[PDB]
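Q:
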Amino acid sequence: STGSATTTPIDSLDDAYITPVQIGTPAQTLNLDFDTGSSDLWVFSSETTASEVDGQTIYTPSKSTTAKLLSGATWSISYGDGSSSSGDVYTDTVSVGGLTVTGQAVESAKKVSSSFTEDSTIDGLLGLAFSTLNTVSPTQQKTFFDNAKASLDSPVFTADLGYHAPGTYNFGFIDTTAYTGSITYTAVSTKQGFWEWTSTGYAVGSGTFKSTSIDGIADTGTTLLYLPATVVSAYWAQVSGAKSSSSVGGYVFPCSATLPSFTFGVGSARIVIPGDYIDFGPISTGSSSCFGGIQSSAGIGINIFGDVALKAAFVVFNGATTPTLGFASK
Ligand SMILES: c1cnc2c(c1)ccc1cccnc12
C-alpha cells in the first residue's frame with residue numbers, strides 16, 4: 070500500500086504545516102501537525118477542557134463506531150518549545166491520504182497548554198519519530214508509520230514541504246518526479262528516538278564550504294533551523310544590522326535586508342536554503358526588525374534541522390531495518 074497527502078502552511082510565515090487525517094467511522098477529518106520529532110498521535114477532542122478549545126476541530130470518540138477506549142492508558146507530553154498536552158487513549162481507524170491503519174492509538178487530549186489553544190489551525194499532532202519516544206503509559210504505543218510500515222510497498226515516508234505553498238507527505242513510495250538530481254542517504258542514530266544524523270558542513274551565501282560535523286535531528290515539527298553558535302554567528306555576520314537580541318530571544322535583522330542563502334552538507338551533496346526562507350517577519354506587528362530563521366541551538370542541547378532546512382529538500386525517512394535519511398534538492 071501507499072498513501073499521499075497534501076500538507077499546507079498554517080500561516081504566511083510557514084510557522085507549521087497541517088495535513089488532513091481521517092479518524093474513526095464515519096471519518097472525522099482533523100488537520101494535524103506531522104512531527105518527525107515526536108512519537109504521539111494526539112488530538113483535540115470532546116474530552117478537552119472546554120476553555121482550552123478555541124476554534125480547533127475535535128475528535129469525538131463516542132461518535133466513532135470503531136473507537137475503543139484503551140483501558141487504563143494515559144499520555145502526557147512536553148515539547149521543546151515549552152508547550153504540553155495530556156489525556157487518555159483510544160484505538161481507532163486512522164487514514165492518511167488513502168493509507169489506513171486499524172487499531173491506531175489516538176491520544177485524546179483532556180488538557181492542552183496555552184500555545185495549543187491559541188493556535189486554531191492545529192487540531193493535534195501526528196508523531197513520526199521512533200516509537201520508543203511514545204508517552205503512552207503503562208503500555209507504550211506505536212506511531213502511525215510504525216503500524217503501517219509492514220503493509221507499505223517500501224518502508225519509507227517522504228516530506229516535501231513547500232515554501233509559502235502546499236507540499237506533500239507520501240507513505241510507502243518515493244515520487245521520483247518530486248526532486249532533482251539524486252537522493253543522498255546518510256546514517257541515522259535512533260539512540261535518542263529521533264531521526265538523528267550528521268551534516269558534513271555548511272556555507273553562507275556564495276562563501277567557502279566549511280567541512281565540520283554537525284549532529285542534529287530532522288524535525289518537521291520545529292519551525293526554524295537551530296545550529297551551533299559558531300555557525301549561526303557566521304551566518305548573521307553577513308547581514309548588515311543583524312544582531313542577537315536577548316529581549317526578543319534570538320537573532321533579528323532589518324526587515325529591509327535581503328538575506329544570503331545557507332548551504333548544509335549531506336555527505337558529499339549540498340542542500341541550499343534560499344535566503345528568503347530565513348525571513349520570519351516582524352518581531353512584533355508593524356516592527357521593522359525581523360526574526361531570523363537560523364538560530365543558535367546553544368540552549369537546547371541538540372541541533373534541529375527544522376522546517377527552514379527541510380523545506381529546501383525532498384527528504385526520505387527510510388524505516389528499513391537499518392533506518393537512514395535521504396536528501397535531494399528540488
Ligand atoms: C518560530 C519561532 N519563533 C518565531 C517565529 C517562528 C516567527 C516569528 C517570530 C517573531 C519573534 C520571535 N520569534 C518568532
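Under mature numbering (1 follows the signal peptide of the UniProt record, and there is no 0), think of the first position of the sequence shown as 70, with each following residue one higher.
Virtual Cβ for every residue (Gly too), placed ideally from N, Cα, C.
#1: When every heavy atom of ligand 1 is checked, does at least one fall within less than 8 Å of the C-beta of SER353?
#2: Assess contact between the region 171–189 and the region 154–161, defined as three or more Cβ pairs (one per stretch) separated by less than 8 Å. Is contact present?
#3: Would you list the one or two residues that DSSP bridges to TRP111?
#4: Name the two residues that bound the continuous beta strand (DSSP E) containing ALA389.
#5: Given the structure, does residue 428 come close to ligand 1, in the sense that its CB is under 8 Å from one of the ligand's heavy atoms?
#6: Out of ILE340, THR201, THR135, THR390, which one is the CA nearest neighbour of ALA378?
#7: Spatial neighbours of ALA74 within its chain, please: C-beta separation below 6 Å, excluding the five flanking residues on both sides.
#8: Let me know if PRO343 comes out buried or exposed under the rule of 16 or more other beta-carbons within 10 Å of its beta-carbon.
#9: Given 8 Å as the limit, tell me if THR289 has its C-beta closer than that to any heavy atom belonging to ligand 1.
#10: Tell whether a beta-carbon distance below 9 Å holds between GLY262 and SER108.
#11: Taking Cβ positions, are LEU328 and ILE347 nearer each other than 9 Å?
#12: Which residues bound the alpha helix (DSSP H) around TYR304?
#13: Can you tell me which residues form a DSSP beta bridge with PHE374?
#14: Is there contact between the region 92–107 and the region 191–208, where contact requires at least three CB pairs shorter than 8 Å?
#15: Compare the Cα-Cα distances from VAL257 to each of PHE386, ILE369, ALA298 and report the closest residue.
#16: Please indicate yes or no: does the CB of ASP104 lie closer than 8 Å to some heavy atom of ligand 1?
#17: Measure from the alpha carbon of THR249 to the alpha carbon of each residue in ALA217, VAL335, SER398, then state which is nearest.
#18: From the DSSP output, in three-state form, read off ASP222 for me.
#19: Cutting at 8 Å between CB atoms, please list the residues of its own chain near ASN216, excluding the five before and the five after it.
#20: May I ask you to list the residues that DSSP assigns as paired with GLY156?
#21: Compare the beta carbon distance of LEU394 and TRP264 with 9 Å and say whether it is the shorter of the two.
#22: Which value, in whole angstroms, describes the spacing of the CA atoms of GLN307 and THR143?
#23: Indicate, with yes or no, if ligand 3 has a heavy atom lying under 8 Å from the CB of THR390.
#24: Should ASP345 be listed as close to ligand 1, given that the test is whether its C-beta is under 8 Å from any heavy atom?
#25: Measure the C-alpha to C-alpha separation of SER282 and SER133 and round it to an integer number of angstroms.
#26: Quick one: residues in its chain with C-beta nearer than 8 Å to the C-beta of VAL163, no 5 flanking neighbours on either side, listed in chain order?
#27: Can you tell me where the alpha helix (DSSP H) holding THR186 begins and where it ends?
#28: Shorter than 8 Å, the distance from the beta carbon of residue 59 to the closest heavy atom of ligand 1, or not?
#29: Among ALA389, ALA96, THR299, which one has its Cα closest to the Cα of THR135?
#30: Taking Cβ to Cβ, would you say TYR320 is nearer than 9 Å to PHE374?
#31: Considering only DSSP beta bridges, list what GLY72 is partnered with.
#32: Going by the DSSP bridge assignment, what does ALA256 pair with across the sheet?
A: According to the data block:
#1: As a first step, residue 353 is located in the sequence shown; it is residue number 284 there, counting from the start. Because some heavy atom of ligand 1 lies under 8 Å away, the Cβ of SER353 counts as near it: yes.
#2: yes
#3: In the sequence shown, residue 111 corresponds to position 42, counting from 1. Beta-bridge pairing links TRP111 to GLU176, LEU194.
#4: Taking the first residue of the sequence shown as 1, we reach residue 389 at position 320. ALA389 -> no beta strand (DSSP E), and no H or E assigned at all.
#5: This structure gives no information on residue 428, because the portion of the chain shown stretches from 70 to 399.
#6: For this step, residue 378 is matched to residue 309 along the sequence shown. Of the listed residues, the one whose Cα sits closest to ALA378 is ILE340.
#7: If you number the sequence shown from 1, residue 74 lands on position 5. For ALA74, where only same-chain residues beyond five positions count, the Cβ hits under 6 Å are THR88, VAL165, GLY166, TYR238.
#8: Against the sequence shown, residue 343 aligns to sequence position 274. Exposed, by the Cβ-count rule.
#9: Indexing the sequence shown from 1 puts residue 289 at position 220. No, ligand 1 has no heavy atom inside 8 Å of this Cβ.
#10: Walking along the sequence shown from the start, residue 262 turns up at place 193. Walking along the sequence shown from the start, residue 108 turns up at place 39. Yes; because the gap between Cβ atoms is below 9 Å, this pair is in contact.
#11: In the sequence shown, counting from the first residue as 1, residue 328 sits at position 259. In the sequence shown, counting from the first residue as 1, residue 347 sits at position 278. Going by C-beta atoms, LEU328 is nearer than 9 Å to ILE347.
#12: Numbered from its first residue, the sequence shown carries residue 304 at position 235. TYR304 -> alpha helix (DSSP H) spans 298–305.
#13: Here residue 374 is taken as the residue at index 305 of the sequence shown, counted from 1. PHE374 is bridged to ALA287, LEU294.
#14: yes
#15: Mapped onto the sequence shown, residue 257 falls at position 188. The residue with the shortest Cα to Cα distance from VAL257 is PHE386.
#16: Locating residue 104 in the sequence shown gives position 35, counting from the first residue. Outside the cutoff, so no.
#17: As a first step, residue 249 must be located in the sequence shown, where it is residue number 180. The shortest C-alpha separation from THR249 is found at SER398.
#18: Along the sequence shown, one-based indexing puts residue 222 at 153. Three-state DSSP puts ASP222 in coil, outside helix and strand.
#19: Position 147 of the sequence shown, counted from the start, is the residue given in the question as residue 216. Closer than 8 Å at Cβ, skipping near neighbours: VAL170, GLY172, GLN173.
#20: To locate residue 156, count along the sequence shown from 1; it is residue 87. Per DSSP, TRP144, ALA178.
#21: As a working mapping, residue 394 is identified with position 325 in the sequence shown. As a working mapping, residue 264 is identified with position 195 in the sequence shown. The answer is yes: Cβ separation under 9 Å.
#22: Working through the sequence shown from its first residue, we reach residue 307 at position 238. Working through the sequence shown from its first residue, we reach residue 143 at position 74. Approximately 49 Å, taken between the alpha carbons.
#23: Here the bound small molecules are ligand 1; ligand 3 is not part of this structure.
#24: Indexing the sequence shown from 1 puts residue 345 at position 276. False, no ligand heavy atom lies under 8 Å from that Cβ.
#25: Stepping through the sequence shown from its first residue, residue 282 is reached at position 213. Stepping through the sequence shown from its first residue, residue 133 is reached at position 64. C-alpha separation (whole angstroms): 49 Å.
#26: For the purposes of this step, residue 163 is identified with residue 94 of the sequence shown, where counting begins at 1. Here the set comprises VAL90, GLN91, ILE92, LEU110, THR169, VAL170, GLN173, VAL175, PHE213.
#27: Here the question's residue 186 lines up with position 117 in the sequence shown. Taken as a continuous stretch (DSSP letters only), the alpha helix (DSSP H) holding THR186 covers 183–186.
#28: The chain is shown from 70 up to 399; residue 59 falls before or after that span and cannot be answered.
#29: Taking the first residue of the sequence shown as 1, we reach residue 135 at position 66. The option with the nearest alpha carbon to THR135 is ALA96.
#30: To locate residue 320, count along the sequence shown from 1; it is residue 251. To locate residue 374, count along the sequence shown from 1; it is residue 305. Cβ atoms of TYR320 and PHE374: not closer than 9 Å.
#31: On the sequence shown, residue 72 is found 3 positions in, with the first residue counted as 1. Note: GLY72 sits in a beta bridge opposite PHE240.
#32: To locate residue 256, count along the sequence shown from 1; it is residue 187. In the DSSP output, where bridge partners are listed per residue, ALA256 has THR393.
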